[PDB]
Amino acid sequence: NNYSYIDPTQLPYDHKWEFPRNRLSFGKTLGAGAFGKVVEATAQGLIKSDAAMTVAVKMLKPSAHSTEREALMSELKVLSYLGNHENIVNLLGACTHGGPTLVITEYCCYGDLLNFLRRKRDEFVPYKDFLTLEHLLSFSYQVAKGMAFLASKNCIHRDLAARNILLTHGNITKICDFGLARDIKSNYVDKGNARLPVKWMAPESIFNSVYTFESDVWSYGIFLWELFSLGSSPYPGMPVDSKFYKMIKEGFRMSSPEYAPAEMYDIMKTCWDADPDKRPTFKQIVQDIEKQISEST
């Protein structure tokens, strides 16, 4: 075996990213969990030699175990390998010596899309600071372009959902939280023990712990249902129990949201094909949505 796939998480950390810890000033917590949090911060001298830039910083709690610390470094290495794209939350820097790992990313001033949609739900009108159908179509397109970029780098995200899409200036949407993202060299078999986002998962991920380009596409379909339902929770009135799994396996699928264009519901249904081989690729989804936007003009 003289040729092999280069595993981005095995490469050394590139100190071109290194930024002095003592030039980061922490502000409000943006998200938190059992062993970590993300905070807003000011980064003095990060980009502009004399000026401060608002960023986000991901970090573990002091009590975090070694497994969680290695997982944060692995995410930093995946982000370092991926490179830059308009529709992802980009890596800006890292702190690795003098203390625990801090990962510095772009800050998105409007927060996550799910809360944004729920806030805008009452002041939404399909046609024209109100949310409209043109905005929803734009968000669908931008998330599809970000995901096409990830797949073009042979990566899967594994937690695509409206809560992991952020909104920033100019109505630009960015995919965030690469904690579970993987380079898949043709699938990934999760051997972990964590809580899982069951209602966003492809059947083959639930039943066989298998993740692929095609299971990210399933989750994108669920994201589209969240988007055009203005932030409803998927499968309303259905607990995650034995009846849920049985229904999904037999072919049950959600109905169209009221405000989804028929051609966007069509994409949703193909993303949810029981056969992963019949689902569209993100490259095909981008081309589809592009034509819808052009015909909408």
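Just so we're on the same page, rigid core means the largest C-alpha set that superposes within 1.5 Å between forms. In this text, residue numbers run from 1 along the sequence as written.
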Between 96-104 and 135-143, the one drifting more in C-alpha RMS in 9 other deposited structures of this protein once the core is aligned is 96-104
Core-fitted, the stretch whose Cα atoms sit farther from this form in 9 other deposited structures of this protein, 9-17 versus 282-290, is 9-17
Of the other entries that cover residues on both sides, do at least a third skip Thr168?
no
Please check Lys48 against the other PDB entries of this protein that were compared: is it missing in at least a third of those that model both its neighbours?
yes
Interresidue gap class [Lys185, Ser186; deposited sequence, unmodelled]:
1 to 3
Please figure out whether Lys128 and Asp129 are truly consecutive in the deposited sequence or have unmodelled residues between them, and give none, 1 to 3, 4 to 9, or 10 or more.
4 to 9
Is the mean CA B factor in the deposited entry higher across 264-272 or across 66-74?
66-74
Between the two ranges 129-137 and 171-179, the one averaging a larger CA B factor in the entry
129-137
Going by the entry, which of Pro100, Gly221, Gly146, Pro203 has the most elevated CA B factor?
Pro100
Pick out which of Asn164, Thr212, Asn193, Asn87 has the highest C-alpha B-factor in the PDB entry.
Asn193
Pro257 - which third its CA temperature factor falls in, relative to the rest of the chain:
lowest
Chain-wide C-alpha B factor ranking for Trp225, given as lowest, middle or highest third
lowest
Based on the deposited C-alpha B factors for this chain, I'd like to know if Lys249 is in the lowest, middle or highest third.
lowest
Split the chain's modelled residues into thirds by Cα B-factor; is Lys153 in the lowest, middle or highest one?
middle
Within this chain, which third does the Cα B-factor at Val57 fall in: lowest, middle or highest?
lowest
